[PDB]
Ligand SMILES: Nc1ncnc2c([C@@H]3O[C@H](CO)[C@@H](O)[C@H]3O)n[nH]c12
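One chain comes next, on its own, written as structure tokens: the form solved without the named molecule.
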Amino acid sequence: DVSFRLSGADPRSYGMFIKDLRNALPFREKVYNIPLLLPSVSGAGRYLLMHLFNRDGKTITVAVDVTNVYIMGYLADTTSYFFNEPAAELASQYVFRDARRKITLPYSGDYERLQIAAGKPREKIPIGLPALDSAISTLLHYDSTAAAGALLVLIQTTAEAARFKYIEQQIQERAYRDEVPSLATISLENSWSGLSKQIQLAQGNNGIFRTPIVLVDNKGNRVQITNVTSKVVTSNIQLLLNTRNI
């Protein structure tokens, strides 16, 4: 399992954690030097456990599907909470099986439902390491509106940071102060699975994309990736979603 401890966290130790997390996801191949995530895993081995601790040393254990890096649910001492979606009820079968009580959150774990449940879009919620510490704290006590908002910060500060090295650097920057994500980062977030498909569709097409991914990213508004030499590919994206799940 991977652990992180906000107490005395700095940008380095968080980098270590994010490295550890990438290093836990199995893969068989690299596609253009990037790990390609397995199309499925089976048994309890589909799920990775993150132990997160807040500044006071309280902990939650999050469970991550190692095939897409989706958060499935989490345990706060004796209760488990899973999202209201089929994979998450599947996960429930394999993890936190000694929770005294299991709650299903009234939403599924995707950005659109979570934002509806939270009352703010992602663009208006600060992320950083202080926020992650506050999200952990929020989660230790059930409040489903508060959790929609804390799970928005938890996903982005862990999963999205493992996928994109840019976002990992955003958070590192925001280690001692929170700040809303860049348009850049929201764009990346949204494009993972499109990027992932195009990079894979480019083997045997000469590194060229069949359809060009337009990022807002850091050309203010409106960039277009069209082949694999672009740096969102050579330098940024860290993990590929297997096209069996796209």
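One-based numbering along the sequence shown.
- As recorded in the PDB entry, 203-211 is the stretch of 203-211 and 174-182 with the greater mean C-alpha temperature factor.
- On average the C-alpha atoms of 113-121 have higher B-factors than those of the other stretch, with 113-121 and 151-159 being the two compared.
- Each of 13, 238, 224, 227 has a CA temperature factor in the record; the biggest one is found at 224.
- Residues shown: 32, 192, 47, 27. Highest C-alpha temperature factor in the entry: 27.
- Sort the chain's modelled residues by C-alpha temperature factor and residue 60 lands in the middle third, per the entry.
- Residue 97: CA B factor lies in the highest third for its chain, per the PDB record.
- For residue 68, the recorded CA B-factor ranks within the middle third of the chain. Only modelled residues enter the ranking.
- Residue-level temperature factors show residue 84 in the middle third of its chain, judged at the C-alpha atom.
- When the modelled residues of the chain are ordered by their C-alpha B factor, residue 18 lands in the lowest third.
The discussion below concerns the form deposited with the named molecule bound, not included here.
- For the chain shown alone, residue 159 is a contact residue for the named molecule in the entry with it bound, at least one non-hydrogen atom being within 4.5 angstroms.
- Taking non-hydrogen atoms only, residue 70 approaches the named molecule to within 4.5 angstroms in the entry with it bound.
- In the entry with it bound, the named molecule stays beyond 4.5 Å of every heavy atom belonging to residue 94.
- Residue contact check for residue 61: none of its heavy atoms lie within 4.5 Å of the named molecule in the entry with it bound.
- In terms of contact with the named molecule in the entry with it bound, the residue from 173, 110, 98, 123 that brings a heavy atom within 4.5 Å is 110.
- Just one listed stretch, out of 214-222, 52-60, 190-198, 35-43, contacts the named molecule in the entry with it bound at the 4.5 Å heavy atom level, and that stretch is 190-198.
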